[PDB]
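Residue numbers start from 1 in every chain, and the chains themselves are labelled A, B, ... in the order their sequence lines are given, proteins ahead of strands. Computation of the quantities below employed the complete heavy-atom set of this structure, encompassing side-chain atoms and omitting hydrogens, waters and symmetry-equivalent molecules.
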Protein chains: 2
Amino acid sequence: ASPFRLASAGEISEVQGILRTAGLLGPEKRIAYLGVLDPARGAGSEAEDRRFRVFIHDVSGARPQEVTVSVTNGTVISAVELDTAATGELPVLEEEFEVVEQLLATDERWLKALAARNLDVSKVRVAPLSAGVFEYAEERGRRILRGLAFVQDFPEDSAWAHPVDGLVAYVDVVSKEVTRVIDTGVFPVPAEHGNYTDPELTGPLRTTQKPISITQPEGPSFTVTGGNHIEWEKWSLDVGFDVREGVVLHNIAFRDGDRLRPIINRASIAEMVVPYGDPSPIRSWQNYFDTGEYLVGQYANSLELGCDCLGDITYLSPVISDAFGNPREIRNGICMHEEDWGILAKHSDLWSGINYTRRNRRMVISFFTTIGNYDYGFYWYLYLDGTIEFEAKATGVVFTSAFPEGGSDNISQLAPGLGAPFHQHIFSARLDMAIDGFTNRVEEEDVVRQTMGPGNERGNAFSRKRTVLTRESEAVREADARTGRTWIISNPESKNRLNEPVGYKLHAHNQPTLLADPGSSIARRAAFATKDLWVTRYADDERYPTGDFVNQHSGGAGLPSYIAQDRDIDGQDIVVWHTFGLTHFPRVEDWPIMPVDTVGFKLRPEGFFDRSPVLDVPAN
Amino acid sequence: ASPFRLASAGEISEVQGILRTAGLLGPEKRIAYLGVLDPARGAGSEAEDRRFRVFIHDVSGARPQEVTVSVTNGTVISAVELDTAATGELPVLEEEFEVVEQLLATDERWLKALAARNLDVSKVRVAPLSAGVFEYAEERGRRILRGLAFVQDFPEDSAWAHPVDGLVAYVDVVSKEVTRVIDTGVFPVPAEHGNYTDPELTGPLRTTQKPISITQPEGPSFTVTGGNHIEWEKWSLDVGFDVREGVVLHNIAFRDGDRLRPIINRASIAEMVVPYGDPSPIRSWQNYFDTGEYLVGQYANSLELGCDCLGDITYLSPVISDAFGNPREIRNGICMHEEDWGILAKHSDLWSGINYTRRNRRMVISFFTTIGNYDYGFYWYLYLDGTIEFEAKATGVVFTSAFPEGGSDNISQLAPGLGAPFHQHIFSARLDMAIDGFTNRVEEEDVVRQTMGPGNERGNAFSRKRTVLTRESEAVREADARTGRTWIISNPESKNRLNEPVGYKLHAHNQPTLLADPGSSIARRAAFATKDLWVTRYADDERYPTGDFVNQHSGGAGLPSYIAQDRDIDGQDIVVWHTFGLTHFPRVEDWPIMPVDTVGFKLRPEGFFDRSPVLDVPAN
Ligand SMILES: O=CCc1ccccc1
Ligand SMILES: O=CCc1ccccc1
Ligand SMILES: [Cu+2]
Ligand SMILES: [Cu+2]
Ligand code: NA
Ligand code: NA
């Protein structure tokens with residue numbers, strides 16, 4: 001009966017029925033996004049209203065619509081036509097992936113470029129890449145994809161090893177028109193294959209690895225009820241799934257004694273952007289918002305027992321809508337399991353004679369998505385001791401180019417003739433906090449160094465300082481690894497037994513933020529990425545750090561516009577937005593398939609409990 | 001037959017026999033350190049000479065000696081008397097732990113302080129704390145310990161919950177004399193107990209945790225030969241053990257094809273210091289060099305199957321010398337096992353139709369040491385993909401004090417009346433590199449941001465810059481998280497197939513370095529801790545970043561004196577010294593026993609291989 005339950009196939013079908021009857025799902029309509037809306041603040045009525053938000057695209061040139069539907073009442077609640085030149089285009093459709101290649105295959109300019117390189121059109125794959133917003137006035141209000149070409153020598157060939165450099169095309173995917181073909185020069189197509197399953201490349205497979213068996217002879221320690229409600233080692237939460245964001249965590253709480261204490265109301269990765277650092281006009285426009293433009297949840301993989309998730313796995317199979325409103329199951333799309341995590345606490349005491357050891361464990365909730373060449377695993381971890389951690393695992397195939405003869409300052413050489421442009425992978429975590437309830441505040445904590453002198457005669461003292469962020473206009477913060485900077489989210493109205501406000505400390509990895517020039521298109525469209533930490537006052541419609549319609553939006557929406565309201569955040573319902581990412585200078589070892597690299601953040605209790613919360617863990 | 005084999009009990013016994021016969025092990029002598037010496041550079045003779053270094057203390061006031069012995073030839077090679085006022089005192093002896101408490105228990109000044117607090121002398125434990133070097137001229141050349149008192153209410157009581165603040169004493173442990181008793185005022189002894197095994201404190205133990213079984217039905221994938229030689233998934237190395245440093249890794253190499261490629265010649269944690277940040281004269285002198293003053297390897301725990309190390313565990317039981325030269329086995333002192341480590345690489349390709357997933361694993365080598373209230377686990381990890389990682393796990397009981405009425409800028413309150421002074425845990429890793437051999441160099445790599453303009457019209461480009469460190473005087477480097485700073489160790493004479501020098505990249509955690517005032521005693525004695533990275537030219541006698549005799553040494557020895565030689569390090573036999581640590585502001589959740597916190601570093605291949613080295617890993 002939970003309002004945070006996953007969408008069902010029947011709910012999807014009812015939504016389609018409602019849209020159809022209203023005249024909103026004609027044969028030229030496509031659903032570009034469908035997702036359930038969270039309950040509004042003040043769900044204490046239990047007047048459950050399951051509401052869905054829908055973005056409806058029109059393949060015939062008519063204006064798209066944003067529609068809110070109530071499956072509970074069977075009505076359309078609102079339906080607005082969108083001026084996409086103003087508010088941005090709808091996310092890319094899966095069915096548009098193929099359209100770029102097919103439109104180019106008949107264009108005489110495209111064929112002339114390929115013929116000059118002696119490339120058979122039937123072998124040339126064209127990547128469907130989001131356009132961004134640059135200097136081409138004719139693209140305003142048109143639905144544009146850009147195309148970069150890769151040669152497949154045979155149908156099982158990895159095309160990424162054969163980029164066609166010096167060539168790019170722009171396609172209006174609604175009017176079905178090739179607006180520009182730009183050929184800046186011929187580059188050799190790199191010839192080596194990158195087929196990581198070819199025995200000629202792998203050599204004989206290792207015969208030395210022996211199996212690691214992980215079993216739980218009595219079953220797992222967590223329980224799932226109502227489909228998506230988890231109880232594990234005093235943790236309680238609901239696992240949601242949204243086609244744009246992927247796995248979403250709701251109602252994260254910890255049972256401390258007889259009392260259920262909230263910690264986080266909603267946690268998600270609300271955006272992720274991959275900006276490229278190559279100034280070549282072939283690629284200098286290239287910035288993919290995997291979450292906002294492509295929707296990472298709709299590309300979630302089906303996870304295989306023993307290969308993707310090892311041990312005693314409980315799966316969730318979330319349901320999403322296809323372009324026509326039909327329900328589709330992502331079978332085994334979410335893995336859940338607990339893992340041993342080494343030593344939790346240990347002490348051998350010289351004076352009492354007591355030897356004490358306890359083991360740690362963590363609950364893992366994860367999914368894996370594939371968007372073109374990239375593959376990303378999203379991992380949420382809950383530990384016995386109250387720690388919450390997020391980890392992104394980046395793998396797949398790096399995006400390639402030619403390596404220019406005579407080298408490059410912005411591209412790594414991976415193989416003869418083959419390059420990999422520098423780029424970043426930048427994530428935005430949206431943490432709707434509820435530390436013991438909704439009256440929360442954020443403090444910036446810095447280490448303080450002290451000078452030798454009176455009161456510090458031996459020059460050993462050091463301290464810390466905490467600065468309360470009181471208004472949104474001062475709540476845009478930068479990392480400072482040197483001063484050990486962290487941020488504490490506390491509840492000034494909830495004190496622990498020492499009469500200090502309860503809190504959680506955010507520990508960042510302090511990786512570089514957005515490197516692009518502050519005057520660039522990408523710095524305006526991904527403004528969230530230029531700073532490590534933002535705090536806003538909660539509001540229903542402030543969901544994404546980039547705004548609702550990221551595709552071809554000209555910039556400024558999202559966080560910079562929210563914080564301009566300068567709302568009070570000192571002991572209020574607040575949301576923490578944390579930017580974190582990887583700066584990727586590709587190495588030879590990343591080729592022809594990338595070993596996983598990771599980045600993340602974590603939150604640890606900071607006087608939330610009255611003492612260690614793991615005193616009641618038994619010996620193994 | 002390996003010269004890197006662990007010391008045997010027979011070797012220890014022969015060393016004792018040799019010292020005895022030479023007149024160097026009389027009844028008033030104590031062995032304060034005994035360890036095998038690594039082979040000198042140029043072991044290509046195989047003229048194996050097992051040599052041992054010994055520090056010999058004299059409990060009667062005679063000068064201690066440093067002695068080098070050859071078990072291979074059965075002779076004393078050299079024996080030097082030490083002027084400890086000049087070169088420093090010998091490390092603390094285990095048998096001196098009890099002496100501080102016993103000398104104080106008869107001192108009238110100590111008894112007067114305790115009587116004023118109504119404390120029964122028989123209940124008062126006195127921690128044996130290293131003295132450092134401060135303003136007390138009478139301590140120069142005397143062997144001093146300082147004492148801080150803790151009350152045990154009964155023999156199984158945790159004394160740490162009952163610190164006796166405002167009282168400290170200094171003891172000359174050779175002449176058996178209490179030199180000073182300082183009573184700065186009475187503080188209430190905190191009354192709450194901290195007995196983490198008391199049911200009244202733990203409550204009923206959890207009954208919800210279900211077992212995780214980790215087995216290897218076919219055995220582990222690694223092999224151990226010659227006692228301590230490891231072969232695992234193309235890795236090769238020898239596991240050494242030294243009573244001062246603990247686990248030492250020798251000859252780390254990777255089998256790439258038919259060729260054994262060196263990477264690291266010797267890896268160890270060569271020093272670790274815990275400076276305290278409380279300016280109270282009771283504690284402002286407090287800085288423990290766990291490695292240099294106490295010798296962390298001699299306090300290694302015996303690790304229990306199922307509790308400390310879980311899975312298919314292979315143990316090493318290293319042998320050390322007791323104070324009289326007898327061999328003592330540390331049973332099950334080192335755990336070795338492989339662990340599953342999630343996804344190694346994954347891609348589902350839209351164009352080839354190939355779905356690819358491989359799992360990662362890591363080889364774990366670990367030990368756990370206990371020095372007083374602190375417990376530390378040292379973990380070395382080898383991954384399938386060439387990554388080497390170190391992780392320190394800090395746990396145990398925090399060092400306590402009274403919490404002053406009216407608060408403190410330098411102490412955290414843990415319980416009513418009970419405080420925990422701020423401190424750091426700072427480690428020094430000594431990495432004797434051998435990237436494809438001994439001609440190595442270090443480059444500092446920074447991200448470079450570029451301005452929008454000609455050649456970068458869209459303002460998206462970014463780059464990187466590498467600076468070669470050519471002489472020791474420029475090879476003292478600071479972290480810069482903001483510019484993504486890392487360090488690359490390469491071999492300019494060994495190129496990969498793209499004609500670039502092979503290399504490994506050091507990724508630091510960029511935590512704060514030593515916070516103390518640069519003019520402080522601790523900043524001079526732990527100079528290594530003030531900077532993140534040092535590079536020296538290799539030399540046999542340059543083993544520790546603090547010098548050979550850390551106890552009561554007045555400062556300057558070690559790294560600052562080494563680098564003053566300003567030797568060439570551009571393509572030479574070099575050693576990387578990396579400083580890393582935790583800055584610990586204790587939280588309520590750290591009490592009464594600390595959940596593990598971690599810090600570390602890692603090294604990843606940087607064009608060392610000609611492509612991903614894990615293409616030959618099979619599917620699970
Ligand atoms: O992440 C988006 C870049 C991309 C998208 C689709 C195919 C290839 C590359
Ligand atoms: O790490 C050394 C501090 C210490 C040493 C021995 C007993 C208690 C505390
Ligand atoms: Cu990347
Ligand atoms: Cu600590
Ligand atoms: Na909130
Ligand atoms: Na070296």
Applying salt bridge (charged side-chain N to carboxylate O under 4.0 Å, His left out), can you list everything that pairs with A:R146, at least two apart in sequence or on another chain? A:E139
Which pairs of donor and acceptor atoms, one on a side chain in residues 592-602 of chain A, lie under 3.5 Å apart (sequence neighbours left out)?
none

Among A:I435, A:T387, A:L431, side chain to side chain contact (heavy atoms under 4.5 Å, CB included) partner for A:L603: A:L431
Check for a donor-acceptor pair, side chain of B:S352 on one end and backbone N or O of B:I354 on the other, with a separation under 3.5 Å. yes
Can you pull the ring pair (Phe, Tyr, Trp, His ring centres under 6.0 Å) pairs that have at least one residue in residues 299-323 of chain A, sequence neighbours excluded? A:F97-A:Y299
What closest approach, in Å, do A:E28 and A:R30 show between heavy atoms, and which atom pair accounts for it? C-NH1, 3.7 Å
Do A:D541 and A:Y562 pair up side chain to side chain, a donor and an acceptor below 3.5 Å, judged on atom types alone? no
Summary of side-chain hydrogen bond (donor to acceptor under 3.5 Å, both in side chains) pairs that have at least one residue in residues 4-16 of chain A, sequence neighbours excluded: A:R5-A:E48, A:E11-A:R50, A:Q16-A:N326
Quick one: ring-ring contact (aromatic ring centres under 6.0 Å, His included) partners of B:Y356, sequence neighbours excluded? A:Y196
Indicate yes or no for a side-chain donor-acceptor contact from A:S428 to the backbone of A:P545 under 3.5 Å, with no hydrogens or angles considered. no
A:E98 backbone acceptor or donor facing A:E101 side chain under 3.5 Å: no
On a heavy-atom basis, which atom in A:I264 and which in A:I388 lie closest, and how many Å separate them? CD1-CD1, 3.9 Å
Would you list the pairs meeting side-chain hydrogen bond (donor to acceptor under 3.5 Å, both in side chains) in which at least one residue belongs to residues 362-372 of chain A, sequence neighbours left out? A:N301-A:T370, A:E339-A:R362, A:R362-A:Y383, A:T370-A:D375
Quick one, A:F222 with A:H337, criterion ring-ring contact (aromatic ring centres under 6.0 Å, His included). Give me CA distance, side-chain angles, the key distance, then yes/no. CA-CA 8 Å; A:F222 57 83; A:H337 58 104; 8.5 Å; no
ring-ring contact (aromatic ring centres under 6.0 Å, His included) assessment of A:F549 paired with A:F55: CA-CA 10 Å; A:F549 306 101; A:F55 300 163; 4.8 Å; yes
Is the backbone of A:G292 close enough, under 3.5 Å, to the side chain of A:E271 for a donor and an acceptor to pair up by distance? yes
Going by salt bridge (charged side-chain N to carboxylate O under 4.0 Å, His left out), name the residues that satisfy it together with B:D349, two or more places apart in sequence or in a different chain. none
Results of salt bridge (charged side-chain N to carboxylate O under 4.0 Å, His left out) for A:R328 - residues two or more places apart only: none
What residues, two or more places apart in sequence or in another chain, satisfy ring-ring contact (aromatic ring centres under 6.0 Å, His included) together with B:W351? A:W160
Would you indicate whether A:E94, at its atom CD, is surrounded by more than 12 heavy atoms from other residues, nucleotides or ligands within a distance under 6.0 Å? no
Looking at A:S302 and A:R331, would you say the former's side chain and the latter's main chain have a donor-acceptor pair under 3.5 Å? yes
Is it true that A:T84 and A:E89 share a donor-acceptor pair across their side chains at a distance under 3.5 Å? yes
Go through A:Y33 and A:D548 one step at a time and tell me if the side chain to side chain donor-acceptor pair (under 3.5 Å) criterion holds. CA-CA 11 Å; A:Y33 165 83; A:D548 290 328; over 6 Å; no
Pair A:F580 + A:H578: ring centers closer than 6.0 Å: yes
Answer yes when A:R41 and A:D573 have at least one side-chain N-carboxylate O distance shorter than 4.0 Å, and no when they do not. yes
Quick one: salt bridge (charged side-chain N to carboxylate O under 4.0 Å, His left out) partners of A:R537, sequence neighbours excluded? none
If we ignore hydrogens and angles and just use 3.5 Å, is the side chain of A:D58 paired with the main-chain N or O of A:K29 as donor and acceptor? no
Donor-acceptor under 3.5 Å (A:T68 side chain, A:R53 main chain): no
A:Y376 and A:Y374 aromatic ring geometry - parallel, tilted or perpendicular at 30°/60° bounds: parallel
Check for a donor-acceptor pair, side chain of A:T536 on one end and backbone N or O of A:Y538 on the other, with a separation under 3.5 Å. no
Donor-acceptor check, side chain of A:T87 to backbone of A:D83, threshold 3.5 angstrom: yes or no? yes
If only side-chain N and O atoms count, and only distance matters, is there a donor-acceptor pair under 3.5 Å linking A:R51 with A:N73? no
Using the side chain to side chain contact (heavy atoms under 4.5 Å, CB included) rule, take A:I563 and A:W577 through it: C-alpha gap first, then chi angles, then the decisive distance, then the call. CA-CA 12 Å; A:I563 63 149; A:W577 314 68; over 6 Å; no
Sequence-distant partners of A:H584, ring-ring contact (aromatic ring centres under 6.0 Å, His included), two or more places apart: A:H423
Just by distance, with hydrogens left out, do A:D238 and A:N228 show a side-chain donor and acceptor under 3.5 Å apart? no
For residues 287-314 of chain A, the salt bridge (charged side-chain N to carboxylate O under 4.0 Å, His left out) pairs (sequence neighbours left out) are A:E293-A:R525, A:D308-B:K346
A:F399 and A:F150: CA distance, side-chain angles, deciding distance, ring-ring contact (aromatic ring centres under 6.0 Å, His included) verdict: CA-CA 11 Å; A:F399 205 93; A:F150 299 86; 5.6 Å; yes
Parallel, tilted or perpendicular: ring planes of A:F368 versus A:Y379, cut at 30 and 60 degrees: perpendicular
Apply salt bridge (charged side-chain N to carboxylate O under 4.0 Å, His left out) to residues A:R143 and A:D172 and explain how you reach the verdict. CA-CA 6 Å; A:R143 193 167 165 90; A:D172 180 324; over 6 Å; no
Has the side chain of A:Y544 got a donor or acceptor atom that lies under 3.5 Å from a matching backbone atom of A:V550? no
